[PDB]
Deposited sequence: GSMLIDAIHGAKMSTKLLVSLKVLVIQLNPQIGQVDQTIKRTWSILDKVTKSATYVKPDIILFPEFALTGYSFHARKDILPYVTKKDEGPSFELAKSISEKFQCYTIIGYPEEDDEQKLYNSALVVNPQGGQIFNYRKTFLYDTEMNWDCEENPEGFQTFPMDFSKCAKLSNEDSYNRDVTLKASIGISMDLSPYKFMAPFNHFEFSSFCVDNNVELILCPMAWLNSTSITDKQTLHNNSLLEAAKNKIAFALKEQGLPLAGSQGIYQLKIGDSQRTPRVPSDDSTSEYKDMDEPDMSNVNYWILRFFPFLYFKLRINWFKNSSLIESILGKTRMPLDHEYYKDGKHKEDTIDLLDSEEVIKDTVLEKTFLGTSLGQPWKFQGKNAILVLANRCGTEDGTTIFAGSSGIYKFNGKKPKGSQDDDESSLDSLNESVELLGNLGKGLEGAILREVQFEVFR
């Protein structure tokens, strides 16, 4: 049975700096105040914050992050999410540095329900270089899904109001989760978005601290002090030229609350990566994020792949996680008398399944991406450009020109702020 859903989604975009937790919390409440006073404010059903939203991102040592870590149900990030959830009767998701009872450290995202109860805690699964600085662990469960019970958000197709409840299958992916494993795995594995398609995920939530490519990431540059000093001067100039302090903008809020302004479809070029125009999204990254969700995108060639059975071996052969992942530290169908289970028929590679050219065809999914803005260490510029997307499953560019994705709205690359969109889509029950 087709069920129509309407979700009011609020994304908060922050520029947290290390050691400013109290200031960032104060700015967060300021943003939320301004949001409620907006001409077209409506109450959000879900509020999403970035990766390490209150603490800053670039920790260089375990000792440096220890003063900011918390248990998943204690401390500033949890208490903020609980108060938010209670005041707005919503789900609130926030990224934060976690410590467990055994003194292990993770990069996590906690989920609070409208009652102010913690219902889920997700840990980053693919780690970035920075996490290795401070002894961060990989999520031993790998990618995960969880239910979210939404009240009064759904209707049958012939009904005139959203008066029904719906439990959506959700998944959180934290920044690097979207990349090829360690940047070393084949690009076309699309591990995270494949997992979401495999498990029929409906609501994809991504707290991120994702870089604009103006950032200094070249390893030989980072470890040659002469080259590094020259590189840092380049970034300093880029910020100065924009009338910005080196850490980037804070406290000046771009609000897009309840409007329906969509983001224009644009291809990447040698200018779309430039850190200029702070109220406009980084379309190099928007296009790249969309590409990393390839399994959700319409692509003509899949009919040939299916007809030729070109991906059967890849589909049968793919494992739940990379074999060297923390996941297996958990345990050929064609050469066996074991039967083919349902789960195998749900598996995809490049968006293709054993039974359909395009498994996602005819389905809907919502992607909510909360990316931080600002800069750290004089080297690292975050891309901002938080946004909300709909994959509509409708029947082949690999970017925002592909009309099987809908760009429902983005914030700029450089300003703190918030975006609210009412998102309408369907699920099947």
Parts of the chain sequence, as deposited, that carry no C-alpha coordinates in this structure: 1-14, 344-347, 350-352, 417-425
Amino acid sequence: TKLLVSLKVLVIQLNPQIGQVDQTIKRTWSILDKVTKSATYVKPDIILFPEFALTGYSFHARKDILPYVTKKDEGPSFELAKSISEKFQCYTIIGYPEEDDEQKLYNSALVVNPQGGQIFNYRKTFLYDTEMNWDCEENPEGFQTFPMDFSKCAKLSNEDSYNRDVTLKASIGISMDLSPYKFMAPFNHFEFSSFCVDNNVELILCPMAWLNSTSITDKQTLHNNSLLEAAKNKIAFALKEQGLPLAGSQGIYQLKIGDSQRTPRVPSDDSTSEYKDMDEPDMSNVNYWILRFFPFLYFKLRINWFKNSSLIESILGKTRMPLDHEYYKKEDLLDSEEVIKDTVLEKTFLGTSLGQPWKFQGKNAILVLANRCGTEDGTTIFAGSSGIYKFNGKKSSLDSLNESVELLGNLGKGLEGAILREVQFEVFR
From here on, numbers count along this sequence of modelled residues.
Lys330 unmodelled in at least a third of other compared entries: yes
Given 400-408 and 371-379, the range whose Cα B-factors average higher in the PDB entry: 400-408
Selected stretch [higher average CA B-factor]: 206-214 or 333-341: 333-341
Most elevated Cα B-factor in the entry, residues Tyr162, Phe195, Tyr96, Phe294: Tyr162
Residue selected from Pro281, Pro245, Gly75, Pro186 by maximal Cα B factor: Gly75
Modelled-residue ranking by C-alpha temperature factor, third containing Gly142: middle
Among modelled residues of the same chain, the CA temperature factor third for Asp277: middle
Among modelled residues of the same chain, the CA temperature factor third for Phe360: middle
Within-chain third of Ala61 by Cα B-factor, per the entry: highest
B-factor third for the C-alpha atom of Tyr328 within its chain: highest
